[PDB]
Amino acid sequence: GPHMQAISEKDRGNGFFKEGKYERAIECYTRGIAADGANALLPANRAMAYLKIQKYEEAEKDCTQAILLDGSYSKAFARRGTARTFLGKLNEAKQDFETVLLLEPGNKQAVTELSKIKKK
Amino acid sequence: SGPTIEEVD
């Protein structure tokens, strides 16, 4: 049912994403956001997969969507910052990495992936 | 590997 439908796209999309088939894994997690739309993981993995095929325009939106279902998902912010970085919205990516450190007061990705925003 | 962002949940 509508619960197990959300795991089906998790396992099936994950087994594609870890195999390097990010494009195939997107179409999996897509079914779950349309079946449930309440787990922040489904949009977070679709965002990561889009970010692995340099679709930062699509991965910005799916990172935002994961933050709308959770609000406390520090990874969904760091992922959004990595999208907005290579999208040219570098200063918007900073506003996302500065958040990751509120939710994780030692995050090495939030210190490092943010340092790229500030460099020449 | 660890509490990292590029791993899927």
# chains A, B, ... in the order shown; residues from 1 in each chain; ligands from 1
call {"tool": "interface_residues", "arguments": {"of": "chain A", "to": "chain B", "cutoff": "8 Å", "atoms": "only C-alpha atoms", "output": "list in words"}}
result
residues 10, 14, 41, 44, 45, 48, 75, 76, 78, 79 and 109 of chain A
call {"tool": "residues_around", "arguments": {"residues": "residue A:68", "least_positions_apart": "2", "cutoff": "12 Å", "atoms": "only C-alpha atoms", "output": "PyMOL selection string"}}
result
chain A and resi 37-41+43-44+61-66+70-73+76-77
call {"tool": "atom_distance", "arguments": {"atom1": "atom CA of residue A:104", "atom2": "atom CA of residue A:50"}}
result
24.3 Å
call {"tool": "select_by_dssp", "arguments": {"residues": "chain A", "states": "helix (DSSP H, G or I)", "output": "VMD selection string"}}
result
chain A and resid 4 to 17 22 to 35 41 to 51 56 to 69 74 to 86 90 to 103 108 to 118
call {"tool": "residues_around", "arguments": {"residues": "stretch 91-101 of chain A", "least_positions_apart": "4", "cutoff": "7 Å", "atoms": "only C-alpha atoms", "output": "list in words"}}
result
residues 74, 77, 78, 80, 81, 82, 84, 85, 105, 106, 107, 110, 114 and 117 of chain A
call {"tool": "residues_around", "arguments": {"residues": "residue A:24", "least_positions_apart": "5", "cutoff": "8 Å", "atoms": "only C-alpha atoms", "output": "PyMOL selection string"}}
result
chain A and resi 13+16-17
call {"tool": "write_last_selection", "arguments": {"atoms": "N, CA, C and O atoms", "output": "mmCIF file, in the first residue's frame"}}
result
data_model
loop_
_atom_site.group_PDB
_atom_site.id
_atom_site.type_symbol
_atom_site.label_atom_id
_atom_site.label_comp_id
_atom_site.auth_asym_id
_atom_site.auth_seq_id
_atom_site.Cartn_x
_atom_site.Cartn_y
_atom_site.Cartn_z
ATOM 1 N N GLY A 13 15.290 2.541 -6.523
ATOM 2 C CA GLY A 13 16.103 3.689 -6.908
ATOM 3 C C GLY A 13 17.504 3.648 -6.293
ATOM 4 O O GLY A 13 18.477 3.870 -7.007
ATOM 5 N N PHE A 16 19.804 1.309 -8.165
ATOM 6 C CA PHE A 16 20.217 1.961 -9.404
ATOM 7 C C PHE A 16 21.256 3.068 -9.151
ATOM 8 O O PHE A 16 22.255 3.147 -9.865
ATOM 9 N N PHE A 17 21.104 3.886 -8.106
ATOM 10 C CA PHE A 17 21.977 5.028 -7.833
ATOM 11 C C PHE A 17 23.374 4.552 -7.435
ATOM 12 O O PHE A 17 24.372 5.048 -7.956
#
call {"tool": "atom_distance", "arguments": {"atom1": "atom CA of residue A:36", "atom2": "atom CA of residue A:52"}}
result
24.3 Å
call {"tool": "residues_around", "arguments": {"residues": "residue A:1", "least_positions_apart": "5", "cutoff": "12 Å", "atoms": "only C-alpha atoms", "output": "JSON, numbers by chain"}}
result
{"A": [6, 7, 8, 32, 35, 36]}
call {"tool": "atom_distance", "arguments": {"atom1": "atom CA of residue A:88", "atom2": "atom CA of residue A:111"}}
result
19.3 Å
call {"tool": "residues_around", "arguments": {"residues": "residue A:9", "least_positions_apart": "5", "cutoff": "7 Å", "atoms": "only C-alpha atoms", "output": "PyMOL selection string"}}
result
chain A and resi 28-29+31-32
